[PDB]
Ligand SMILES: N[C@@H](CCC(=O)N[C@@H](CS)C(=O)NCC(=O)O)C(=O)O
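One chain comes next, on its own, written out as structure tokens in the form solved without the named molecule.
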């Protein structure tokens, strides 16, 4: 069954570019354990093949068998439904709220990073921090699998590695590529780092960077910084 992911190329026309949608599906496919290929597209210099496969030009897209699929959310839903046990793990979260935890962070970041009004900087940095804190509280809330298991010193605190438990799920595949952009960009252009006191978020990121599915699908930091340079530099 042939599976080829087409993804956004970076500044050299070849390496992985900044696209958290590309990276989400790359990670889903890696987690499924299916055999697949990844082909980068320089959208300024498209191949005759890519032009034929996807006239509409959407990116990312997926060639599966002879069918071309577009729309990241739909492509992911398709993959989860078609790549099924026993050959491939189900990657859907068990707890619905894992699928919404921290979904606001990226738009708070986008406002913060596009803002060029100095009087609103602190408001927008607050908005971002508040959204990150709500993610932190999700990551430290025990989930049903952890029911009544603890230690005297950390009662009512979750020990789990990722959003929905100790395995990576589709929820992590959506969130992590975006959280990665937020970190990289805000360090470079805002002097901002996530507070050390968000221990849940910190642990989450520590565990996520330790996983090739996330770590090996990340664009180079440089690609992410270049992608944001024009809109991030406007604030003086």
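Positions refer to the first chain, counted from 1.
Per the PDB record, of the two stretches 34-42 and 170-178, 34-42 carries the greater mean B-factor over its C-alpha atoms.
The mean C-alpha temperature factor is higher for 191-199 when 23-31 and 191-199 are set side by side. Within the listed group 93, 75, 103, 119, the record reports its top CA B-factor for 119.
In the deposited entry, the Cα temperature factor of residue 204 places it in the lowest third of its chain's modelled residues.
Compared with the other modelled residues of the chain, the Cα B-factor recorded for residue 10 ranks in the middle third. Annotation for residue 164: CA B-factor lies in the lowest third of the chain's modelled residues. Among the modelled residues of the chain, residue 130 sits in the middle third by CA temperature factor in this PDB entry. Split the chain's modelled residues into thirds by C-alpha temperature factor. Residue 87 is in the highest one.
Beyond the structure shown, there is the form solved in complex with the named molecule, which is absent from this document and is the topic of what follows.
Residues within 4.5 angstroms of the named molecule in the bound PDB entry, judged by any non-hydrogen atom, belong to 64-72 and to none of the other stretches in 31-39, 170-178, 64-72, 47-55. Under a 4.5 angstroms non-hydrogen atom cutoff, the named molecule in the bound PDB entry lacks residue 228 among its neighbouring residues. At the 4.5 Å threshold, heavy atoms of residue 16 stay clear of the named molecule in the bound PDB entry, well away from it. The named molecule is not drawn, but in the bound PDB entry it has no heavy atom within 4.5 Å of residue 217. Although the partner is absent here, residue 59 is a contact residue: one of its heavy atoms lies within 4.5 angstroms of the named molecule in the bound PDB entry.
In the bound PDB entry, the named molecule lies within 4.5 angstroms of at least one heavy atom of each of the following residues of 1-22: 8, 19, 21, 22, in sequence order.
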